[PDB]
Amino acid sequence: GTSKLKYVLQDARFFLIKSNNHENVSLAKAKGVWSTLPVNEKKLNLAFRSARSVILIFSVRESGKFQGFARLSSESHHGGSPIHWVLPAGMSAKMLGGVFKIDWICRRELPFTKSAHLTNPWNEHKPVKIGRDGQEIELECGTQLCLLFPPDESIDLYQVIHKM
Ligand SMILES: CNC(=O)c1n[nH]c2ccc(I)cc12
């Protein structure tokens, strides 16, 4: 069913995450973590205090798809176990901020062809697939986008609901 999912998304905030490569999304799915640039880290930390749920919707650049979505379970923190993120070219991971803990809500993919009817008011009503890393997605568009994903029957949202 979709009822617990709708409860988790009620009055949520949504952010588009653009990963440079599939390796980083695979690490995030395995370890329940994400890290971003300080400009976006500050936005996500503000949002985490401001909303019942903050949802990250992931898309690997040039893949033509979203790879799933997850809910922040913490503000960013430093000093944890290192994560061997992959960065394009020889760019240094030192530019990243802290680490957010996340709980995956859906690990299934969704092709951009299926979200063509959704526009994001916070990005000039462009199709929701279009946006820089960290672009906020307005509530209604973000909710409908998450509801388009195939159900992920491996996930039990009972534990997530307890964290709200
Ligand atoms: C695991 N997160 C990243 O690798 C990442 N997040 N935002 C970015 C902006 C520029 C570059 I180069 C890399 C990133």
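All residue numbers here begin at 1 and follow the chain in the order shown.
Heads up, the Cβ atoms here are built off N, Cα and C, so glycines get one too.
Record check of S53, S92 in Swiss-Prot: the feature phosphoserine is attached to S92. Proximity of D133 (RNA binding site) to non-local residues of its own chain (separation of 6 or more, Cβ distance below 8 Å) is seen for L16, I17, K18, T36, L37, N40, given in sequence order. Around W85 (RNA binding site), the same-chain residues six or more apart in sequence whose CB sits under 8 Å from its CB are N24, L27, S35, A93, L96, listed in sequence order. Highest local Cβ density among the recorded positions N20, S35, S81, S92 belongs to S35, counted as other Cβ atoms within 10 Å over all protein chains shown. For the pair formed by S19 (RNA binding site) and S92 (phosphoserine), distance between Cα atoms is given as 15 Å, rounded to the nearest Å.
The Cα of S92 (phosphoserine) lies closest to that of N20, out of the recorded positions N20, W34, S81.
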